[PDB]
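These protein sequence lines map, in sequence, to chains H and U. Using this note's numbering, read the first sequence as starting at 1 and increasing by one per residue. Using this note's numbering, read the second sequence as starting at 320 and increasing by one per residue. Quick reminder that beta carbons are idealized off the backbone N, C-alpha and C, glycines included.
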Amino acid sequence: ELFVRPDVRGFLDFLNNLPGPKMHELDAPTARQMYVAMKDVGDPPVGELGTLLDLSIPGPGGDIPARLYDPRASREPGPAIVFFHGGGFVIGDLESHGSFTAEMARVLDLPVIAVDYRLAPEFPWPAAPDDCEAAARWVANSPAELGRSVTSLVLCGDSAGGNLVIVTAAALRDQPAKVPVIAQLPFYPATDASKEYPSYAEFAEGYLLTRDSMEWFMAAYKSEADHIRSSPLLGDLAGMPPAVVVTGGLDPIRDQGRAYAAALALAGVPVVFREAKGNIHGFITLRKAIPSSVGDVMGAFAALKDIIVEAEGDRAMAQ
Amino acid sequence: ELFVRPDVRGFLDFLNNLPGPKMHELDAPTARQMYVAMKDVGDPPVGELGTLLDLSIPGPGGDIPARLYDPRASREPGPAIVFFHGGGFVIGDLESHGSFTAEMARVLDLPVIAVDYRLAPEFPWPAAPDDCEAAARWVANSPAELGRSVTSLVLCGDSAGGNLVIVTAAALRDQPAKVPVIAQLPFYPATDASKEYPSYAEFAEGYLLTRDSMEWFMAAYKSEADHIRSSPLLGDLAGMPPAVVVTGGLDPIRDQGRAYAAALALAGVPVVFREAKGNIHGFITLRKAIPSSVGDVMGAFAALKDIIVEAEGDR
Ligand SMILES: [Cl-]
């Protein structure tokens, strides 16, 4: 009932065995080595798409690089997913999450725009949420160069990218884009860059994760909050879009995704809360290393598909 | 959903046109006319079933009347739904909720056992939850009197019957029955009868509902609380079965269902929280008077089906 999946144990062993630069092996985590290691073992290939296209989105600090993923070359008007990557083991960009965004596009049969928002410390807050909001409003306008007619937005993101989902949804709630946000899907969201990581002894499942693995997740959280800066949404959640919130059972910050789901329910916002029992923080980009993550991701995508179908059915009824 | 649905506004005008609450209560003849009115306008007919069978369940206060609904005359082994009715606009029995339990059995394609648990003031607390637990344990043993073998339980109930779902799921969590409870579906649960009904002032949608309508829901809630009694589930919710929790947008006690869904999420229990925007307390037996309630119920049934499918994949 308290457990670690066997593929999860293997990944945690792989993390503990990662040597350092020939400079000094010891306890070694050069971002360069992490980048090589995670690119190699983490996720499946991007694979085949009808559309895989670089975009340039006009933004308040210059052009925002983005990328369109679509199983189809062309399609009827419908929703578009806008994706905000999180970070941790790697800083994160279009390449780190590209296999996930391609697979999301295939399973939901919808176009996915992934956003390469400005990172800290090069670009202070509020560059990251400004870019995410600019990108959502641009997609919502159905720009000629996108080659898609967009009738609604779905926002998706992982870890601190999850908080970029929450803050962008709240911004478009307060000042709507051309079309509405009809669903949010934050994966294991990190909802407060101000909040200190739990210590080993404060996590009830610490004994299952082990101190050495928990140190990895702590380091990832700290690095992520350094690079991906957004404000906690501590105010009223009334009028936020219907949600799928997914946590990791072995994630020391599972309480952050749980509390967001709980606050949505208390405000009367529909929410599907799921927890990946015996899986870790960061699983959506670990679908090769930890194949049991596929089931976790597919369960989230099925819930999101139900919200989208119901949301479009309720709009066809109202009109 | 547009603050008050047109069909809901029509039902509230219908309610205002009946003889209504006096000194914050429904007296005996007012309630009597309301019950005939609700029987005449509320729900569609029971309709066609492959099985519609009366049952007698042994319980700690005598026999417990129950009724099996099933579209199929005969079926492979599978989950069984146990249903614990609520009340308020109806007294609550096998007849008042029969159309709902029949439609639940058809849509899910599963047997539903509705339970006629002992009521107060004749049988005081804890007869109701005792009967509900006994009935669930009985169904779990796959008794010969059902023509059906049971691999798992699903618990479902409305209003004070929603709290019988919660208390019963907790009892079977602590001391398992022969098969597990794989899902819970409380509709607009009343989770703490000892709490005061919200005032017109305290309910944020009071102005949409109107004072006269609010007095009706308050009187109907008091009438239900007299008949159907269980105490709040007090401890840790960890280990509780995966849930679909449905509230009413115009229901003064929506905070109770919202808070239950929120407490499940905090404990790491998977939960689908849904709120029927612009619909009222008691909609699951108002599918004829308020046809828009069909969409609310089918949405809850679709989410419940996803839980059952995932529960049986995993096993
Ligand atoms: Cl922000």
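Chain U residues whose Cβ lies nearer than 9 Å to that of residue i
i        : result
H/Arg258 : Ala584, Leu585, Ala586 and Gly587
Expected contact under 8 Å - CB spacing of residue i and residue j to nearest Å
i        : j        : result
U/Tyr354 : U/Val409 : 6 Å
U/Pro430 : U/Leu368 : No, U/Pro430 and U/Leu368 are not in contact; Cβ-Cβ is about 10 Å, not under 8 Å.
H/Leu155 : H/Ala169 : 6 Å
H/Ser213 : H/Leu12  : 5 Å
U/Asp449 : U/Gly380 : 7 Å
U/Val591 : U/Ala622 : 4 Å
H/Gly278 : H/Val46  : At roughly 28 Å, the Cβ-Cβ gap does not stay under 8 Å, so H/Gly278 and H/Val46 are not in contact.
H/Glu133 : H/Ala171 : 5 Å
U/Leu337 : U/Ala356 : 6 Å
H/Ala73  : H/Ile113 : Going by Cβ atoms, the distance from H/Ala73 to H/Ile113 rounds to 16 Å, so no, they are not a contact pair.
H/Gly88  : H/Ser159 : 6 Å
H/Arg254 : U/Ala584 : Not a contact, Cβ separation roughly 11 Å.
U/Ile626 : U/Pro561 : 5 Å
Beta-carbon neighbours of residue i, restricted to chain U and to distances below 7 Å
i        : result
H/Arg274 : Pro589
Chain H contact residues for residue i, given Cβ-Cβ distances below 7 Å
i        : result
U/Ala581 : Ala262, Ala265 and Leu266
U/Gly329 : Those do not exist, as U/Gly329 stays about 18 Å from chain H at its closest Cβ, beyond 7 Å.
Secondary structure of residue i, DSSP reduced to three states
i        : result
H/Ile284 : helix
H/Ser56  : strand
H/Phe11  : helix
H/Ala171 : helix
U/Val498 : coil
H/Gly161 : helix
U/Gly576 : helix
H/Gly313 : helix
U/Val401 : strand
U/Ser611 : coil
H/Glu215 : helix
H/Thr210 : coil
U/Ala385 : strand
H/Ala135 : helix
H/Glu76  : coil
H/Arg229 : coil
H/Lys222 : helix
H/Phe100 : helix
U/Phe442 : coil
U/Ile432 : strand
H/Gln319 : coil
H/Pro186 : strand
U/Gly567 : strand
U/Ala595 : strand
H/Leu264 : helix
U/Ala622 : helix
U/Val365 : coil
H/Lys22  : coil
U/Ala562 : strand
U/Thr349 : helix
Listed by chain order, chain U residues near residue i by CB distance under 8 Å
i        : result
H/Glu205 : The premise fails here: H/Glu205 is roughly 10 Å from chain U at the closest Cβ pair, so nothing lies under 8 Å.
H/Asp43  : Residues of chain U passing the Cβ test: none, with the nearest at roughly 24 Å.
H/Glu310 : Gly618
H/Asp251 : Result: empty, since nearest Cβ-Cβ is about 11 Å, beyond 8 Å.
H/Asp306 : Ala621, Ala622 and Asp625
Min CB distance residue i to chain A below 8 Å
i        : result
U/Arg492 : The structure shown contains no chain A; its protein chains are H and U.
Chain H contact residues for residue i, given Cβ-Cβ distances below 9 Å
i        : result
U/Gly405 : Here the premise fails: no neighbours, minimum Cβ distance about 21 Å.
U/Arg606 : Those within 9 Å of U/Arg606 in chain H number zero; the least Cβ separation is about 17 Å.
U/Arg530 : The contacting residues do not exist; U/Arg530 stays about 22 Å from chain H at best.
Chain H residues whose Cβ lies nearer than 8 Å to that of residue i
i        : result
U/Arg573 : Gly268
Check: residue i C-beta below 7 Å from any heavy atom of ligand 3
i        : result
U/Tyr540 : Ligands in the displayed structure: ligand 1; ligand 3 is not one of them.
Could you please go through the chain and list the residues whose beta-carbon is closer than 7 Å to any non-hydrogen atom of ligand 1?
-> H/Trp125, H/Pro126, H/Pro129, H/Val167, H/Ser230 and H/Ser231
Would you call the segment 122 to 141 of chain H and the segment 77 to 87 of chain H touching, i.e. three or more CB-CB distances under 8 Å?
-> The count of Cβ pairs closer than 8 Å, one atom from the segment 122 to 141 of chain H and one from the segment 77 to 87 of chain H, reaches three, so the stretches are in contact.
Is the segment 196 to 207 of chain H in contact with the segment 160 to 170 of chain H, if contact means three or more CB pairs nearer than 8 Å?
-> no
Do three or more CB pairs link the segment 499 to 514 of chain U to the segment 563 to 570 of chain U at distances below 8 Å?
-> Result yes; three or more Cβ-Cβ pairs closer than 8 Å.
How do the segment 291 to 298 of chain H and the segment 214 to 233 of chain H stand: do at least 3 beta-carbon pairs fall below 8 Å, yes or no?
-> Taking 8 Å as the limit for Cβ pairs, the verdict is that the segment 214 to 233 of chain H does not touch the segment 291 to 298 of chain H.
How do the segment 93 to 102 of chain H and the segment 141 to 154 of chain H stand: do at least 3 beta-carbon pairs fall below 8 Å, yes or no?
-> no
Below 8 Å, can you find three or more Cβ-Cβ pairs linking the segment 519 to 539 of chain U to the segment 488 to 502 of chain U?
-> no
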